[PDB]
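Presented as structure tokens, the chain that follows is alone, the form solved without nicotinamide-adenine-dinucleotide.
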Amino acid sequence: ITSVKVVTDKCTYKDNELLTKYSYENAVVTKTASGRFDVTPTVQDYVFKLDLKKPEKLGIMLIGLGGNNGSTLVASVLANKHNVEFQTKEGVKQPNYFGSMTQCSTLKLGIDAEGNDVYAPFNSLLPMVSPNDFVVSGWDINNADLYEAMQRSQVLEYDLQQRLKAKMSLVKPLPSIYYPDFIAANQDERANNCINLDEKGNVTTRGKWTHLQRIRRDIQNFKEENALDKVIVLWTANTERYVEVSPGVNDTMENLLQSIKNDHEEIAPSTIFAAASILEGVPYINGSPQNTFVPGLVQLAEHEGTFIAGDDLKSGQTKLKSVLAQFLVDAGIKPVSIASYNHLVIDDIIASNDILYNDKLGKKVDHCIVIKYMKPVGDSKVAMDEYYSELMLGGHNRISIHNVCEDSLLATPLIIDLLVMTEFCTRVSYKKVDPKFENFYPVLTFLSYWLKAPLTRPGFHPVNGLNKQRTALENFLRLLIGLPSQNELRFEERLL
């Protein structure tokens, strides 16, 4: 029952609508030889419309529903929504969405009477859907029910597992599409739930269009049988091999549709699901590396006017490593080598500093990531990062970090955050006010804080500096309610 009402003339509330004005400021720079940056500022006005009518229940279809994140994600909503307390060594525990930014982080609205900061919930500024108001379903090439999937995953406490048994046992993933030549082969001891078959059972790559049709049906059917209107699809399945974006097949929307029709080799399963999600209007989020959103799939989006992902879920490991890495260069410390070893954004940093990273001294940072397979750990992901930096006058700093957690209990909550923010971003439209009222960008570029390969538009360097990404996000919600950026100048203190 938390709310935020901001005394501002910049916000006008209409018919379950919200229009806010926003003077956006920035500037352009140009370094001359003489060693002087000329800075010319640039303002552009906007007006955002926020459809305050949020779904009483958001539909959620995960592609890879029976996986680790899939199963736990379902268990969480169930455990939380229904308040299932569970037993452990340390005693009974109460469900929650720890690790989830929207559900458990907080923001500063301003100061109180004494001059001290006041914090409010991330999701208490503007209305947002609650994961408990999620209705989940999805596909998976393996038919085990979400209870067996839980067991198999070994990520949840055995008590919190049994208490959910009954409810978890009723959930079953819809058969998925299985073009084997696109995943890490030998996922055949698993595939026993496919819609892509031929007259004689066997898995087939022929019929790529009917396969598409069948996903749209499952979407329609899901939306209908559950009586939902809003629904989001998240690919949280196997990582597929990329596909060649060659003209005549992957480029323009028409060719793509056609190529799916032609059963073309370059049409991956994630490709179908995507197109299928668009032709049905549901936002699609690709939480894996593969270049799903190829040119053609990106257009069929702009066209149908639906929203899309940013490629690859950013692990809580890549995040932390990005912060620290940023932390160092900020301080004026030149890391010179950074290694990662994990068994279950640097190049641009180098760009921000020409003091530390130049030719006379060297503008190179050694780095390497290593992911090894070790079954005997039980979901528990172990990652270790070694940073070697150069302090002044011959000095050196060595920070070795050893991170360890249940991996999924860290990934699941971030999946939720993407869903909640994707849905929220859906109800936002804008326009260059000016001294139509078009939606956002088909590419939801405010969800980068959760995506490792921030899908962007041409000639643009997506940024990473984690807290920057979270600040952009915070600063968005704020502008939406008539609040400016956080300046941290605390002048009612520094000043008399």
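The term rigid core refers to the most C-alpha atoms you can superpose between the two forms while keeping them within 1.5 Å. Shifts are known only where both forms have a C-alpha. Start at 1 and count along the sequence shown; that's the residue number.
- The records show that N83 is included in the coordinate set of every other eligible entry of this protein, so it is not omitted in a third of them.
- Omission of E157 is seen in none of the other entries compared for this protein where the adjacent residues are built, far below a third.
- According to the record, the deposited sequence contains no missing residues between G35 and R36, so the chain is continuous there.
- The modelled chain breaks after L344 and resumes at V345, leaving 10 or more residues of the deposited sequence without coordinates.
- Relative to its counterpart among 289-297 and 334-342, 289-297 has the higher mean temperature factor, C-alpha atoms as listed in the PDB entry.
- If you average the C-alpha B-factors over 83-91 and over 70-78, the higher value belongs to 83-91.
- When the C-alpha B-factors of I215, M128, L256, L107 are ranked from the entry, the top spot goes to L256.
- Taking the deposited Cα B-factors for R163, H303, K321, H367, the highest one is held by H367.
- Ranked by Cα temperature factor within the chain, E25 sits in the middle third according to the deposited record.
- In the deposited entry, the Cα temperature factor of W209 places it in the highest third of its chain's modelled residues.
- In the deposited entry, the Cα temperature factor of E474 places it in the middle third of its chain's modelled residues.
- When the modelled residues of the chain are ordered by their C-alpha B factor, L58 lands in the lowest third.
- For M374, the recorded CA B-factor ranks within the highest third of the chain. Only modelled residues enter the ranking.
Just so you know, the form deposited with nicotinamide-adenine-dinucleotide bound exists too; it's not on screen, but the next bit is about it.
- This chain is displayed without nicotinamide-adenine-dinucleotide, yet in the deposited bound form the stretch 178-186 from 302-310, 328-336, 178-186, 417-425 comes within 4.5 Å of it by heavy atoms.
- Though the partner is left out of this view, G465 does not reach within 4.5 Å of nicotinamide-adenine-dinucleotide in the deposited bound form, counting heavy atoms only.
- The shortest heavy atom separation between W235 and nicotinamide-adenine-dinucleotide in the deposited bound form is within 4.5 Å.
- Though the partner is left out of this view, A75 does not reach within 4.5 Å of nicotinamide-adenine-dinucleotide in the deposited bound form, counting heavy atoms only.
- The closest heavy atom approach of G67 to nicotinamide-adenine-dinucleotide in the deposited bound form falls within 4.5 Å.
- Exactly one listed residue, out of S288, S389, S137, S100, brings a non-hydrogen atom to within 4.5 Å of nicotinamide-adenine-dinucleotide in the deposited bound form: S288.
- Proximity to nicotinamide-adenine-dinucleotide in the deposited bound form, defined as a heavy atom within 4.5 Å, singles out one entry of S130, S315, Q162, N397, which is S315.
- In a rigid core superposition between the shown form and the other one, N186 is the single residue of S246, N186, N226, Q213 whose Cα is displaced by 2 Å or more.
- If you fit the rigid core between the shown form and the other one, you'll see the Cα of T32 move by 2 angstroms or more.
- In the deposited bound form, the CA atoms of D188 and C194 move farther apart by at least 3 angstroms compared with the shown structure.
- One change in the deposited bound form concerns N68 and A185, whose Cα atoms lie at least 3 Å closer than in this form.
- In sequence order, the runs of at least 3 consecutive residues whose Cα atoms each shift by 2 Å or more between the shown form and the other one, relative to the superposed core, are 32-34, 184-189.
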